[PDB]
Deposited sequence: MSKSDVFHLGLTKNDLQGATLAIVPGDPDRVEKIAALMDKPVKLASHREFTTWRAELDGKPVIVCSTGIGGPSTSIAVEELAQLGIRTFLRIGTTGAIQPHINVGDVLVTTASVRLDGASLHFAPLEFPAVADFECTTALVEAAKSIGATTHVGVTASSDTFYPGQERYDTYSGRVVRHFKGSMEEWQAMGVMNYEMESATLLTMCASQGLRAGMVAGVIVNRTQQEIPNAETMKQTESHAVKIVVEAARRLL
């Protein structure tokens, strides 16, 4: 391995410069199977990596695991191996009543409720997505006629208190996060997830292109995975 965690060398990538990065290791082969000549390259910890061919060009699919820290490792090591464009495809809970389960969300920038982003840029730096990547994702979405919303996402280091869930062992939330969901809702934030603040900040601050799409699996105020996967693959096609 050329890198500490992924168990990959630059030769393994066959010159690929674009990666699709789902959170779940099990989703990797599913994404790769939509493309040509899919092959498994490696699997270590939460990092499962497949290579495939899109319009004759090699593309990588690599899982990040849950959270900014594991995401930061995958992105950095892929960047060392030559990846320059990163498309995250995820699952999220919507926090707006007009967003329905099954819809797709394209993130322009994220509320940084994570710690890893701070390791790349101070808090005042925006966790903003690459304009070309966002454009490609929005177009891909419309391309298959998915119901699409574009806007801000809250990206949390936690699934529970950081997303103001009380269905927990302790049944309480630290002061800092009390009333936070209502605040983000009032500010128009679409959804919660757990990797975008780290991904977008680390790429935007290092000259790497990143974009973010997710299928809504729940709505906190009130099939889809395959929809979102089709979209991220089609967006990749436009960025090759």
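Going by C-alpha coordinates, which parts of the deposited sequence are missing from this model? Unmodelled stretches: 1 to 3, 226 to 235.
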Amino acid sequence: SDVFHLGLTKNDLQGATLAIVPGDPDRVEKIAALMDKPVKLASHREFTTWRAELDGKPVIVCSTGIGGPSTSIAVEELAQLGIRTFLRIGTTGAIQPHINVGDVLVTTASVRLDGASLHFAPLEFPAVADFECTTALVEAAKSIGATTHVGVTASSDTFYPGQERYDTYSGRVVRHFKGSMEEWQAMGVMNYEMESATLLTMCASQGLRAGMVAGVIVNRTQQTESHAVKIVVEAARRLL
From here on, numbers count along this sequence of modelled residues.
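Mean C-alpha B-factor higher for 90 to 98, or for 149 to 157? Mean C-alpha B-factor is greater for 90 to 98.
Mean C-alpha temperature factor, higher of 13 to 21 and 213 to 221: Comparing averages over the C-alpha atoms only gives 213 to 221.
According to the deposited entry, which of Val189, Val39, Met181, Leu199 has the largest Cα B-factor? Comparing C-alpha B-factors across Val189, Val39, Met181, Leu199, the maximum falls on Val39.
Identity of residue with top Cα B-factor, from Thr108, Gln163, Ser143, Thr85: The record points to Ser143.
Modelled-residue ranking by C-alpha temperature factor, third containing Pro58: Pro58: CA B-factor falls in the highest third of its chain.
State the tercile, meaning the lowest, middle or highest third, of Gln206 with respect to the CA B-factors recorded for its chain. It falls in the bottom third of the chain.
Taking only the Cα B-factors deposited for this chain, tell me whether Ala52 sits in the lowest, middle or highest third. Highest third, going by the recorded CA B-factors of the chain.
Chain thirds of CA B-factor: placement of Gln185: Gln185: CA B-factor falls in the middle third of its chain.
Compare the C-alpha B factor of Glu76 with those of the other modelled residues in its chain, then answer lowest, middle or highest third. Lowest third.
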